[PDB]
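Shown next as structure tokens: one chain only, the form deposited in one PDB entry.
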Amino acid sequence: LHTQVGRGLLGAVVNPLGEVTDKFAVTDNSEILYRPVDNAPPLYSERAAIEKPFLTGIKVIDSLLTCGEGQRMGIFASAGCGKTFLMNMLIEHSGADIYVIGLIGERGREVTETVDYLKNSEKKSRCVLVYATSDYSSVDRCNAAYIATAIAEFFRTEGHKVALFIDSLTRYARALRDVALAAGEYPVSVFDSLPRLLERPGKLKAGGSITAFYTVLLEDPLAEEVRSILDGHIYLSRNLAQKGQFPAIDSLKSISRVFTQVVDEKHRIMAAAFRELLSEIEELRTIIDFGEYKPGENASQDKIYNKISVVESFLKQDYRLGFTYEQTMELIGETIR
């Protein structure tokens, strides 16, 4: 019902009981406070409008799927489309003050993977990790989500720009379902914990912000209405991963619902122009695989064909590399020209 919060948790690993069990970094700060894990979402009047971009350093995201400070973004993928590696990129190449990661229902190898990743990360001293493995109860998995959010909420009230990661909402949802049948399942369900959890992030007028990334596993009914609640979603295409396209983000099947609110007109024009070229390329891919593309016949098709490699090159991104907003807009500029 209460968890540890504060700068003293920076660099630490926290189990579903709110106790530190490991560290991936050590900091000079030792601030430890206590707050409840279940807190009310901000009043609408307390919430600031999402107007400022949350840069990720990932070209396809920053250019076509631009995130906003205080936004909730879904990450939809089937294991493995490189979901974990996308999250790692989001941590490395963004510029948040503090990163809070909640790993829900992960095998435990997996938990150690994230820890070993953080142990060599440059963001190590700005991260807090909360985990719940497959060996913990369904109640403990749910609390892992609340603890991570509550930890993030404290940093937000201090005015920090916080990025919250929940991997995954899928395993969290199962745990919630198992908990629901406990006590045999007015006016409180166990099923409604999911919206309460998701409306907690955001930018506060009086405080910092929480930009949250919720991962959803694909193999689902409420995968479709976690989508309904959030402010956008990123889809990792299995097709794109197998073609060696990394990150395997399907731009055309993804959206940031705050896109036009966080980029200027010049950006908006380039993005729209890029998406059309993308659509034209997909049309040609079909025509090619149908065996109806002969060079020389249609000048427009030939012009589109010769744009495929530069477009693919723009979408491609080494996971170790991060791009500034000026670089991304510069690159997409030569792609559509």
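Each form is matched to the other, and the largest set of C-alpha atoms that superpose within 1.5 Å is called the rigid core. So that there is no doubt, residue numbering starts at 1 and follows the sequence shown.
Quick note: we don't show the form deposited in another entry, though the next part is all about it.
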- Displaced residue between the shown form and the other one, judged on C-alpha after the rigid core is fitted, out of 178, 97, 192, 199 (threshold 2 Å or more): 192
- Message: On a rigid core superposition, would residue 305 pass a 2 Å threshold for CA movement between the shown form and the other one?
- Response: yes
- Message: If the C-alpha spacing of residue 257 and residue 191 moves by 3 Å or more in that other deposited form, is that a move closer or farther apart?
- Response: closer
- Cα of residue 301 vs residue 274, shift of 3 Å or more in that other deposited form, relative to this form: the pair sits farther
